[PDB]
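Asks: Provided hereafter are the protein sequence and its experimental coordinates.
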Amino acid sequence: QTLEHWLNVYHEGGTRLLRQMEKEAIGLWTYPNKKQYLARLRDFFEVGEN
DNA sequence: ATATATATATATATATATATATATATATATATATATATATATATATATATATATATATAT
């Protein structure tokens, strides 16, 4: 997974294509809002939100 | 491994706003038609006078 690939997918289609890709590809996550993504970051790096 | 209670994401349903078309209520104007009024002419009926057809009364 790289930025170029994501941009290509987006140019091919909107949010729906990326949501489908989430299911298609392993080891990937997406979040439509920042709070959940930051929660994932926290639980990955084992730190408090501060 | 399933129930049972939160949390998040998504979709649905509703409310607001505006644009466009249609329906309803009201008023007015118009036209048409109906009905009536008016005027004129003619028809019918009755009345009166004269003419035609027929008979009788009065005066001498």
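Replies: That came in fine, so what should we check first? Numbering: from 1, shown residues only, chains lettered A, B, ... in the order given.

Asks: number of residues surrounding the nearest residue to residue A:32 once chain neighbours are set aside?
Replies: Spatial nearest neighbour of residue A:32, excluding adjacent residues (Cβ to Cβ, 6 or more residues apart in numbering): residue A:15 at 7.6 Å. C-beta coordinates here come from the backbone N, C-alpha and C atoms, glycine included. Residue A:15: 10 surrounding residues under other Cβ atoms under 10 Å.

Asks: tell me the SS of the residue nearest to the spatial centre of chain A?
Replies: Chain A has residue A:30 as the residue nearest its centroid, 2.7 Å off, counting by Cα atoms, centre = their mean. Using DSSP: H, G, I helix; E, B strand; the rest coil, the secondary structure recorded for residue A:30 is coil.

Asks: quick check: the gap between it and residue A:12.
Replies: 16 Å (Cβ to Cβ, to the nearest Å).

Asks: same check on residue A:50?
Replies: 39 Å.

Asks: which of these two has more neighbours?
Replies: Per other Cβ under 10 Å, whichever of residue A:50 and residue A:12 has more neighbours is residue A:12, with 9 against 3.

Asks: what's stretch A:2-17 in contact with?
Replies: With contact meaning Cβ atoms under 8 Å, 6 or more residues apart in numbering, stretch A:2-17 is reached by A:18, A:21, A:32.

Asks: mind putting those into JSON lines with distance to residue A:4?
Replies: Below are those laid out as JSON lines (distance: Cβ to Cβ, whole Å):
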{"residue": "A:18", "distance to residue A:4": "14"}
{"residue": "A:21", "distance to residue A:4": "14"}
{"residue": "A:32", "distance to residue A:4": "22"}
